Amino acid sequence: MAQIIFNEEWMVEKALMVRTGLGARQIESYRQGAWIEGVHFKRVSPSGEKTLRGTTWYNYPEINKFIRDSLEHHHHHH
Numbered sequence: 258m259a260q261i262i263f264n265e266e267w268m269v270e271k272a273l274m275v276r277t278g279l280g281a282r283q284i285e286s287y288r289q290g291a292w293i294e295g296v297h298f299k300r301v302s303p304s305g306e307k308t309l310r311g312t313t314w315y316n317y318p319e320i321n322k323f324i325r326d327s328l329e330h331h332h333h334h335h
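In this note's numbering, the protein residues as written are 258 to 335.
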């Protein structure tokens, strides 16, 4: 254990597509599948209480880990 460092690569929707190289349509399609709340992203509101205006921040390491599957082309479906 050298030092407890955290992956603070949290970024909003429009920022994420720029950092990863994806588009809004491809990300929303992923949110209908691979993007899981609590796992690959979380809900950050401009307050301490429960609001539906809570901005969603996505995890870059989690997403690059997912995309890695397509780069690591492997015949997964028979």
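For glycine and all other residues, C-beta sits at the position ideal for the given N, C-alpha and C.
Where residue i falls, given that 16 or more other Cβ within 10 Å makes a residue buried
i	result
residue 284	buried
residue 316	buried
Closest by C-alpha distance to residue i, when choosing among the options
i	options	result
residue 287	263, 325, 320 and 328	320
Residue i versus residue j: straight-line alpha-carbon distance, rounded
i	j	result
residue 291	residue 298	11 Å
residue 273	residue 279	8 Å
residue 329	residue 305	41 Å
residue 281	residue 300	18 Å
residue 295	residue 276	21 Å
Per DSSP, cross-strand counterpart(s) of residue i
i	result
residue 301	312
residue 274	Answer is none; residue 274 lacks a bridge partner.
Validate contact between the segment 259 to 267 and the segment 303 to 311 using beta carbons, cut 8 Å, 3 pairs:
no
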